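Each chain, written out:
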Amino acid sequence: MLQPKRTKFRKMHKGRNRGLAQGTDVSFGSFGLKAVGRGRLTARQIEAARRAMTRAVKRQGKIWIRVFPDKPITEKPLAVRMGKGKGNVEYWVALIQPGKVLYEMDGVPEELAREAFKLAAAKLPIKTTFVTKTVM
Amino acid sequence: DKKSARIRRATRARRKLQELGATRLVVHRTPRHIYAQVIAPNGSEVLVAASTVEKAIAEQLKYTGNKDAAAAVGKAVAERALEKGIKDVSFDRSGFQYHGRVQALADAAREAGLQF
Amino acid sequence: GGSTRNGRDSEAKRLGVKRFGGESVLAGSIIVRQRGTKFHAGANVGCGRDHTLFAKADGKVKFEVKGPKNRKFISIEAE
Amino acid sequence: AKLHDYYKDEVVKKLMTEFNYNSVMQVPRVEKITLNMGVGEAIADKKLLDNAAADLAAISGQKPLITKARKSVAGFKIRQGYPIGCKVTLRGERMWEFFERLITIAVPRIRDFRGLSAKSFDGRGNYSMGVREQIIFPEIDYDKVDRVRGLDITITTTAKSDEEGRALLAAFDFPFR
Amino acid sequence: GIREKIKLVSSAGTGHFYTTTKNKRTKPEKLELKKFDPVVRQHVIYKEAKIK
RNA sequence: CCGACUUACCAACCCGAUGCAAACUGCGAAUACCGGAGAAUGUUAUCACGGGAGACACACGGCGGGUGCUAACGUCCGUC
RNA sequence: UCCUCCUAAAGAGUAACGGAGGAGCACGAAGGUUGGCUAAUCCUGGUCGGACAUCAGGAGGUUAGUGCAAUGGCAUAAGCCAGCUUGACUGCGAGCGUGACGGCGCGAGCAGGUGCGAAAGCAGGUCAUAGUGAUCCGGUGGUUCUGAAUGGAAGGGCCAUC
RNA sequence: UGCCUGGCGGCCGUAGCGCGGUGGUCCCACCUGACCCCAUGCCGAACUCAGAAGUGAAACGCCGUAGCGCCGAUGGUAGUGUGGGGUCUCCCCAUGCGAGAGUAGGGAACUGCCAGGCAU
RNA sequence: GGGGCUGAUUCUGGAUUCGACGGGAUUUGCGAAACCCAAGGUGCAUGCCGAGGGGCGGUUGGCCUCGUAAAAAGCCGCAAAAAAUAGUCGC
Ligand SMILES: [Mg+2]
Ligand SMILES: [Mg+2]
Ligand SMILES: [Mg+2]
Ligand SMILES: [Mg+2]
Ligand SMILES: [Mg+2]
Ligand SMILES: [Mg+2]
Ligand SMILES: [Mg+2]
Ligand SMILES: [Mg+2]
Ligand SMILES: [Mg+2]
Ligand SMILES: [Mg+2]
Ligand SMILES: [Mg+2]
Ligand SMILES: [Mg+2]
Ligand SMILES: [Mg+2]
Ligand SMILES: [Mg+2]
Ligand SMILES: [Mg+2]
Ligand SMILES: [Mg+2]
Ligand SMILES: [Mg+2]
Ligand SMILES: [Mg+2]
Ligand SMILES: [Mg+2]
Ligand SMILES: [Mg+2]
Ligand SMILES: [Mg+2]
Ligand SMILES: [Mg+2]
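Residues numbered from 1 in each chain as written, not as in the entry; some residues may be left out. Chains lettered and ligands numbered in written order. Part of a larger assembly, values for the part shown. Heavy atoms only, no water.

- For this deposition, the record names cryo-EM as the technique by which the model was determined and cites 3.2 Å as its resolution.

- Taking the PDB entry as the reference, chain D is identified by name as 50S ribosomal protein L5 belonging to Escherichia coli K-12.
- According to the UniProt record, the Sequence similarities comment for chain D reads "Belongs to the universal ribosomal protein uL5 family." (UniProt positions renumbered as here; feature names shortened; annotations may be inferred.)

- Where the PDB entry is consulted, chain B appears under the name 50S ribosomal protein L18, with the organism given as Escherichia coli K-12.
- The annotation that UniProt attaches to chain B under Sequence similarities is "Belongs to the universal ribosomal protein uL18 family."

What follows is the structure in structure tokens.
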């Protein structure tokens, strides 16, 4: 699992994930898998999808993980009361907006890309879709 | 660079005079010529000026760049200010240290009616 | 159970703009209270010990942006 | 300023036709001469600073300026404000007077003097060079000195480029390689 | 240690005085100053004295 | 063997792009709030003083949020 | 108990056993005036001297610094030196901000006497915000007072202060 | 009245950097030397006080350069005050206000006082 | 599953382990790899196909070669198959 090496502060507010995406087009590779729904992807899910696509393509090209988990999500320990401070950090997630590109690749043919992203998408809660880079 | 430093060390007095809203008599000093002129409180109008670049007070001076010419310039500008009604005016060093030529000019202006 | 730190806080000093510009003020009236000199003193405006701009003459409060650094100045128009 | 008045016109005439100059002021000139008695290992005893300030005064008649640290480097365990070394700067007449002494009477007291480095230019050609002893100067003898310290001479010139400074020094007959 | 509290009494015939702080470990010398004296309306020299 | 060389690895600045931040802002809205002018309307609805109280256990929904698991007919703030 | 940032929803204010840090001081100079000055970092040359000092030049312009934790500011510099000094004065004070209140803070200007500056002008502490404790009871010095029949004194009040 | 120069301001990021080379009859700078009267916590590096031998070499200023920094439309998008809704951790419609960034483009500053030196 | 004391020979912010063992920089001789070169000698080589190498096999195929290709020998492995290891300690 990937996470920031260090941060200014350990705990952060819950916040709200509303709005539209910022990076909605593939700018590195030729084929891309982009989230169409709304949710929060975790580092474990990202790593699982990356491993799935890598073993599907046999590393016959390059892989780009556009998103990065940088939001620390904390959960209180089981069987404890309310209050008494904020719970300890549990994991790290990345806020996801609809239309944001998740994974990018190139080199592999269209069939291989679509058969790899098809099995790599099942490791993520948010529904995804396959797109190809265009001329602007 | 020297001119920039002089402006840097004189803009404090410039702003002080501007915020006081009085009349200021400024002194431009160069090794060859020394000017002097009073400025309206708004800072955009000139009421009287005198310098060593004019024949009127240049034809009776040995050299322009000395305390003797600065004294004559101060006397002339003070007399013109008095005859035009200007009597109360502060003195701006314009970044030049108050000594020698500028000090002599200021003393001549003070002695010729213009009280500081 | 447990204990948690950083439970302290400080009382607000009620800073900000008081006259908001365009109002008629009196001599000695405080216009703005601030920590740093966000607004500089202009015409008929004095600077307090804690960078408070107080009008020294009755008139109108005006906000303008002058200076080489585009700093905000408070001006008292004695109309 | 004997060397000054003698060689100024000659070096101007040489350098103008060498570098295709078009004005008298364009010839490279001499700004100042600086020298620092960099006495570092003197924190325990301040007497070393006084000895340095006396030896430098004997070398060039003036009062050396006792310099103070401004960074407090912990590699030597020092605090800023403590005296470290003393610098002397000479302009014009004194610069020329010390230049002739450093040009003429500098060889007898030094050993293995096979010349001086030709690549001692700080890009702009200011010629900072160091000497390993003080008794090299005729003013200071060996009987009256207790310690042995050198100097960090620097002849700061108005030359635009390193080759112009080198030509400047060669015309001033300085012993290069 | 902390800053000791001292009293600067007027050298004149009046018993007027001011109060101030002092660190009497690094500056053992007395605090002689020139202060205004409301009794005589004149600035006079105030020596330093104990807070007693 | 010098290693021919890149060995599904890591790799300072400098540039070219791609994202994130309540304790980042070179920028920056709507609304909120103060003041100046004007018609129309509202039983002065506004302010000052005096007599008399009551009250300082609120809950839900809408909106922006902390906390909680963006769980609770849970809890803590601001407006209706 | 007090202060700085966010939650705090672009005026003020706004809660939690929320998230993050400090304060219970120092300074007769670390204040006032005047004059002067502008770094952090990196590159090149140079005797020890070195990833590091003290020097000479260059790149860069506040990415340094504020006596302190944080925020807002500082080039006219609030940042750094030099000379003189005690305004770190006394009695007031139009007006305003902030609090239910006790309270707290800013403040032009007046009278007396000072310090700096040729002068215009500045100084009623420190770049500002934490560095603090009501009342009662008593101690110390002065007092244009009170003094239980008179004259004092005891005591109390008043001012400064513990 | 037109040329450029000096001083004081308005305007303070189309008003600022890089490159090309010009300016001296004027004004400025460089500079000469310095016991004074002043100065360096060492040196006329800076203040200065006595001047014009030379130079525009560095500056300063001027003319063009689209390499930069910047100013930046229309349209579109995000956001939302009100009312009304859905599949309500978010979104739709009727309404006004409508950003930021990025395109098209603009651009090598204008302007007020005297003080002289220039042709008239 | 949560609090307090230790992780200090100093609490009080500045130990040369005195020494051997890494690493730095300063003052010395030299070897085209600490140098940049064909000029004295005036011989038969650069490279061009190179043969498989001490007892055995092998290195960029040239460190060893020459006539038209073969023994290869300057190093590395088998090999040195003394590495068997303080003081006291039984017949
Ligand atoms: Mg609000
Ligand atoms: Mg009532
Ligand atoms: Mg009532
Ligand atoms: Mg209550
Ligand atoms: Mg109650
Ligand atoms: Mg109840
Ligand atoms: Mg409630
Ligand atoms: Mg509610
Ligand atoms: Mg809610
Ligand atoms: Mg609920
Ligand atoms: Mg309840
Ligand atoms: Mg607010
Ligand atoms: Mg100053
Ligand atoms: Mg005086
Ligand atoms: Mg402070
Ligand atoms: Mg009691
Ligand atoms: Mg009695
Ligand atoms: Mg009594
Ligand atoms: Mg030029
Ligand atoms: Mg539009
Ligand atoms: Mg826009
Ligand atoms: Mg744009």
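## As for the layout of surface pockets
Once rolled over the atoms, a probe with the size of a water molecule shows which space is left empty.
Right, on to step 1. The volume enclosed by the largest pocket comes to roughly 1000 Å³.
Right, on to step 2. Around the largest pocket, the lining comprises 28 residues; the ones closest to its centre are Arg15 and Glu19 of chain B together with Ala41, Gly42 and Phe73 of chain C.
Right, on to step 3. Broken down by element, the lining of the largest pocket gets its largest block of residues, six residues, from helix α1 (residues 2-20) of chain B.
Right, on to step 4. Along the lines of polarity and charge, the residues of the lining of the largest pocket split into eight nonpolar, 11 polar and nine charged.
Right, on to step 5. Taken together, 34 residues make up the lining of the second largest pocket; nearest its centre are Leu116, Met129, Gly130, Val131 and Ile136 of chain D.
Right, on to step 6. If you list the elements that add at least two residues to the lining of the second largest pocket, you get α3 (92-103) and β4 (154-157) of chain D.
Right, on to step 7. Per-element tally for the lining of the second largest pocket: the top contributor is α3 of chain D, with four residues.
Right, on to step 8. In terms of residue class, the lining of the second largest pocket is made up of 23 nonpolar, six polar and five charged. (1 Å grid on protein atoms, 1.4 Å probe; cavity = no way out; pocket = protein on both sides within 12 Å on 5 of 7 lines; lining within 4 Å. Points joined across faces, edges and corners; volume = space filled by probe spheres on them. Helix = DSSP H or I, 4+ residues; strand = E, 2+ residues; numbered from the N terminus. Nonpolar A, V, L, I, M, F, W, Y, C, P; charged D, E, K, R; others polar.)

## A short note on the protein's contact with RNA strand I
Right, on to step 1. By nearness alone, every residue bordering RNA strand I is listed as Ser3 of chain C together with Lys77, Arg79 and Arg132 of chain D.
Right, on to step 2. Taking all atoms of RNA strand I within 4 Å of the protein, the share assigned to sugar and phosphate is 27%.
Right, on to step 3. A distance of 3.1 Å is found between a base nitrogen of RNA strand I and a side-chain nitrogen or oxygen belonging to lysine 77 of chain D.
Right, on to step 4. Within the side chain of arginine 79 of chain D, a nitrogen or oxygen atom sits 2.8 Å from a base oxygen of RNA strand I.
Right, on to step 5. Taken together, the residues that form the surface near RNA strand I break down as no nonpolar, one polar and three charged. (Near = heavy atom within 4 Å. Polar contact = N/O pair within 3.5 Å; in protein donor to acceptor, adjacent residues only side chain to side chain.)

## Quick word on the sheet that holds strand β6 (residues 53-55) of chain C
Whenever strands of a sheet pair, they do so through backbone hydrogen bonds, lying parallel or antiparallel.
All names here are of chain C.
Right, on to step 1. Taking strand neighbours across the sheet as the criterion, the four strands line up as β1-β3-β6-β5 in an open arrangement whose pairing is antiparallel. Edge positions in the open sheet fall to β1 (16-17) and β5 (45-47), since each of these has one partner strand only.
Right, on to step 2. Sheet topology places β1 next to strand β3 (residues 30-33); two bridges connect them, and they run antiparallel. Across the sheet, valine 17 pairs through a bridge with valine 32, a residue of β3. (Pairing = 2+ DSSP bridges.)

## Focus on the side chain of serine 161 of chain D
Residue and element names in this part refer to chain D.
Right, on to step 1. Its location among the elements puts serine 161 in the loop between β4 and α4 (162-171).
Right, on to step 2. Given the relative accessible area of 17%, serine 161 is considered buried.
Right, on to step 3. Separated by 2.9 Å, the side chains of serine 161 and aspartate 162 make a polar contact. (Buried < 20%, exposed > 50% of the residue type's maximum accessible area, 1.4 Å probe, protein only.)

## What about the arrangement of the chains?
Right, on to step 1. Here chain A and chain E are not in contact; the least distance found between their C-alpha atoms is 37 Å.
Right, on to step 2. The two partners chain C and chain E share no contact, and the minimum distance between any of their C-alpha atoms is 22 Å. (Contact = heavy atoms within 4.5 Å.)

## Observations regarding the sheet that holds strand β6 (residues 101-106) of chain A
Residue and element names in this part refer to chain A.
Right, on to step 1. Read from one edge of the open sheet, four strands run β3-β6-β1-β7, paired in antiparallel fashion. At either end of the open sheet lies a strand with only one pairing partner, and these are β3 (62-65) and β7 (128-132). Each strand axis lies, on average, 20 degrees off the axis of its neighbour in the sheet, ignoring direction.
Right, on to step 2. As defined by bridge partners, β3 adjoins β6 across four bridges and the pair is classed as antiparallel. Bridging across to β6, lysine 62 finds its partner in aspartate 106.
Right, on to step 3. With respect to the sheet, helix α1 (residues 43-57) is in contact with β3 and β6, its orientation differing from that of β6 by roughly 20 degrees.
Right, on to step 4. On the sheet, helix α2 (residues 110-120) packs against β1 (31-35), β6 and β7 and is oriented at approximately 25 degrees with respect to β1. (Axes fitted to C-alpha atoms, helices over the stretch in contact; angles between N-to-C directions.)

## Side note on empty space enclosed by the protein
Residue and element names in this part refer to chain D.
Right, on to step 1. The full count for this structure, using the stated rule, is one cavity of 30 Å³ or more.
Right, on to step 2. Here the largest cavity is characterised by a volume of approximately 30 Å³.
Right, on to step 3. For the largest cavity, the full set of lining residues is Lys8, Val11, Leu15, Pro28, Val30, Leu168 and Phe172.
Right, on to step 4. Here the residues of the lining of the largest cavity sort into six nonpolar, no polar and one charged.

## Digging into the environment of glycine 59 of chain C
All names here are of chain C.
Right, on to step 1. Along the polypeptide, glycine 59 turns up in strand β7 (residues 59-66).
Right, on to step 2. Considered as a pair, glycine 59 and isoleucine 76 are 17 residues apart in the sequence and their alpha carbons are 6.0 Å apart.
Right, on to step 3. Contacts of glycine 59, omitting those with residues within four sequence positions, involve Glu23, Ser24, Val25, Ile76, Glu77, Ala78 and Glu79.

## Side note on the protein's contact with RNA strand F
Right, on to step 1. Taken together, 28 residues form the shell around RNA strand F, and within it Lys14, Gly15, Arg66 and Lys86 of chain A together with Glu23 of chain C come nearest.
Right, on to step 2. The sugar and phosphate moieties of RNA strand F supply 60% of its atoms located within 4 Å of the protein.
Right, on to step 3. Side-chain polar atom of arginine 66 of chain A to a sugar or linking oxygen of RNA strand F: 2.6 Å apart, as the coordinates give it.
Right, on to step 4. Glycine 22 of chain C has a polar backbone atom sitting 3.2 Å from a sugar or linking oxygen of RNA strand F.
Right, on to step 5. When grouped by side-chain class, the residues that make up the surface near RNA strand F number five nonpolar, eight polar and 15 charged.

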